[PDB]
Every structure is written in structure tokens, then in C-alpha cells.
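Values below: all heavy atoms of this structure, side chains included; hydrogens, waters and symmetry mates excluded. So that the names make sense, note that chain A is the first sequence line, chain B the second, and so on, each numbered from 1.
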Amino acid sequence: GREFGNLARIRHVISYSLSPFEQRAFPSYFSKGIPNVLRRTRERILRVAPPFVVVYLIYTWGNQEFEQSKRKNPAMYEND
Amino acid sequence: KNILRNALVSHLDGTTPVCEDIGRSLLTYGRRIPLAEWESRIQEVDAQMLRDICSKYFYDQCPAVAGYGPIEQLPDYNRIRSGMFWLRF
Ligand SMILES: CCCCCCCCCCCCCCCCCC(=O)OC[C@H](COP(=O)(O)OCCN)OC(=O)CCCCCCCCCCCCCCCCC
């Protein structure tokens, strides 16, 4: 019922493609991969990173608070 | 071979296609190839050299595809390229 031939109505659209044996599999891989990755990470880093930053701060604070919770209070054994 | 013989002789009928064949033969081959030479080149063709030449020109070759109309179910290039050979030879 839902196969190729009856998916959508498309008019006046031209597509050009070439054979995979005709073109390279890695056309300028590093020289255009690096700026594209940098663009994607600079468009998403402010939405993604600060929650995990404050997870790191909460994790370190909780671990150190537990460590000083196990620490001996020097105020005890001071009266006698 | 019989269909090709009929096609060549029935095409060379009337003054206009004969003049057309003369003009194309002098422009392309540089000479007019007679029908006896065509018949000799037809009768030297057998099944073994036909499948050899067809494997030379059709098997595992990258095709050019041109579609116009409702061509969404026309397969893309990987499926046609994979259909250009058989896994069983
Ligand atoms: C006011 C924004 C100013 C931005 C200045 C930066 C320069 C902007 C212009 C140059 C372009 C730089 C690249 C742009 C990349 C995409 C755009 C972008 O980053 O936009 C800012 C982004 C979205 O802004 P918007 O959603 O409108 O802000 C609502 C804030 N709630 O908003 C952000 O990224 C802000 C995200 C802040 C998130 C704070 C979360 C704090 C709480 C975390 C709790 C986690 C759990 C804690 C523990 C719970 C249990 C104990």
C-alpha cells in the first residue's frame, strides 16, 4: 500500500547523480570535515554542554561532602 | 542475424535512404561498405563472439540513466548498477 510510485506528488524537480566508481569515496575528507564538525559543534555546544558541566560540579561536591561527612569532628572530645 | 539482414536490405530501399547511406558512409568510414561485406560480417558472427562482445560492452559497466515523468519507482543508481551484473555469473 505504501511503496515507491505512490508516496508523493513532485513536479519540475531535476536530480543529478554520478556513479560511485566515477567519484572518490573521500573527496577532501579532512579539509572539509574539520570545518563542518566545528560548525556543528559550535551550533550545539551551548545547548548540550552546561547541563553536563553542572553534573560534574554536583558529582564532585557530593563526593567531597560525603568525604568530610566521614571526617571526624574536632569539636567533640574538647570539653574533657 | 536474419533480422539484421532484413533490416539492412529493407532500409536500403528507395533513392533517399541509399543517398543517405552513401553520405554517411563517405563521412564516417571514408568509403561505401557494400552489402556483400555486411553479409560476410553478419555470417561470421556466432554465439560465442556475441556473448564475448556483449560481456565486453554490457557486463559490469556503469550506465547512463535518463528518466522523465512519474519516475519515483525508477530505481536509483546502486540498484541499476547491481543489476548490471549477476552473482551467479
Ligand atoms: C541568553 C543567551 C545568550 C547567548 C550568548 C552567546 C552568543 C550568541 C550569539 C553568537 C552565536 C554563538 C553560537 C550559537 C549557537 C546556537 C544558539 C544558542 O546557543 O542560543 C542560546 C541558547 C538558546 O537560547 P534560549 O533557549 O532562547 O534561552 C532560554 C534559556 N533557558 O541558550 C543557551 O545555550 C543557554 C543554556 C543555559 C542552560 C542553563 C542550565 C542550568 C540548569 C541545569 C540543571 C541541570 C540539572 C541539575 C541537577 C538537578 C537535580 C538536583
Side-chain angles (χ1 to χ4, degrees), chain A residues 1-49 51-52, chain B:
Chain A
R2 215 183 91 89
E3 65 183 1
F4 285 102
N6 60 48
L7 294 166
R9 184 176 176 87
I10 292 306
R11 291 205 71 194
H12 320 301
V13 172
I14 308 188
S15 298
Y16 312 95
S17 296
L18 271 76
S19 174
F21 298 96
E22 182 65 26
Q23 52 192 321
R24 288 128 61 207
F26 299 87
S28 80
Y29 181 76
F30 289 113
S31 87
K32 293 182 183 293
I34 294 300
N36 189 359
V37 161
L38 282 173
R39 187 200 52 84
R40 288 151 72 174
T41 196
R42 77 173 41 113
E43 293 179 353
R44 285 302 183 255
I45 193 66
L46 292 178
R47 294 104 176 275
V48 169
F52 304 116
Chain B
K1 281 151 80 169
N2 291 327
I3 288 161
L4 197 60
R5 286 178 195 110
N6 289 284
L8 294 174
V9 187
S10 73
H11 178 62
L12 274 298
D13 185 49
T15 58
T16 298
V18 167
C19 185
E20 192 272 333
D21 203 45
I22 287 168
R24 277 194 290 110
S25 312
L26 271 297
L27 280 189
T28 54
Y29 310 123
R31 64 182 181 98
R32 174 91 199 276
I33 299 179
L35 282 165
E37 181 177 337
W38 288 121
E39 190 276 331
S40 162
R41 291 170 187 278
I42 279 170
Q43 65 182 357
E44 66 183 1
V45 166
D46 75 303
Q48 176 61 40
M49 88 160 67
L50 188 153
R51 58 179 160 251
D52 277 353
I53 284 154
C54 280
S55 293
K56 190 197 184 307
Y57 285 107
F58 271 122
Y59 195 81
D60 210 5
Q61 303 293 324
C62 285
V65 190
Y68 187 32
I71 49 167
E72 164 185 272
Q73 184 177 2
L74 162 79
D76 56 357
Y77 205 87
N78 285 304
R79 308 299 297 271
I80 297 173
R81 189 56 175 83
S82 293
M84 284 319 271
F85 63 95
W86 281 351
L87 290 167
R88 65 177 168 270
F89 176 74

Do any pairs count as a side-chain hydrogen bond (donor to acceptor under 3.5 Å, both in side chains) and have a residue in residues 62-89 of chain B, sequence neighbours left out, and if so which ones?
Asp60(B)-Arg81(B)
How long is the gap from OG on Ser17(A) to CD on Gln23(A), to the nearest 0.5 Å?
8.0 Å
Applying side-chain hydrogen bond (donor to acceptor under 3.5 Å, both in side chains), which residue pairs with at least one partner in residues 2-15 of chain B are found, sequence neighbours left out?
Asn2(B)-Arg5(B)
Can you tell me how far the CZ atom of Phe85(B) sits from the OG atom of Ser55(B), to the nearest 0.5 Å?
14.0 Å
Extract all donor-acceptor atom pairs below 3.5 Å that involve side chains of residues 28-37 of chain B and protein atoms in other chains or at least two apart in sequence.
from     : atom 1 : to       : atom 2 : distance (Å)
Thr28(B) : OG1    : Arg24(B) : O      : 2.4
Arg31(B) : NH1    : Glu37(B) : OE1    : 3.1
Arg31(B) : NH2    : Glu37(B) : OE2    : 2.8
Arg32(B) : NE     : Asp21(B) : OD2    : 3.3
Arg32(B) : NH2    : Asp21(B) : OD2    : 3.2
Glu37(B) : OE2    : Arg41(B) : NE     : 3.1
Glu37(B) : OE2    : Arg41(B) : NH2    : 3.0

Does the side chain of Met84(B) come within less than 4.5 Å of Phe58(B)'s, by heavy atoms?
yes
Taking atom CZ of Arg42(A) and atom CD1 of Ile45(A), what is their separation to the nearest 0.5 Å?
11.0 Å
Given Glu43(A), which of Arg39(A), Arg47(A), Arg40(A) fulfils the side-chain hydrogen bond (donor to acceptor under 3.5 Å, both in side chains) condition?
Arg39(A)
For residues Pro63(B) and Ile80(B), report the shortest heavy-atom separation together with the two atoms involved.
CG-CG2, 3.8 Å
Close side-chain approach of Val45(B) to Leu4(B), heavy-atom, < 4.5 Å
no
When you look at CG of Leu7(A), are more than 12 heavy atoms from neighbouring residues, nucleotides or ligands closer to it than 6.0 Å?
yes
Heavy-atom pair of closest approach, residues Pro51(A) and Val48(A)
CD-O, 3.3 Å
Flag side-chain contact, heavy atom, 4.5 Å: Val37(A) against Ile34(A)
no
Spatial distance of atom CG (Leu8(B)) from atom CD1 (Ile42(B)) [nearest 0.5 Å]:
5.0 Å
Looking only at heavy atoms, which two atoms of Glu3(A) and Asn6(A) are closest? And how far apart?
O-OD1, 3.3 Å
Interatomic distance, OG1@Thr41(A) vs CG@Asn36(A), rounded to 0.5 Å, equals 11.5 Å
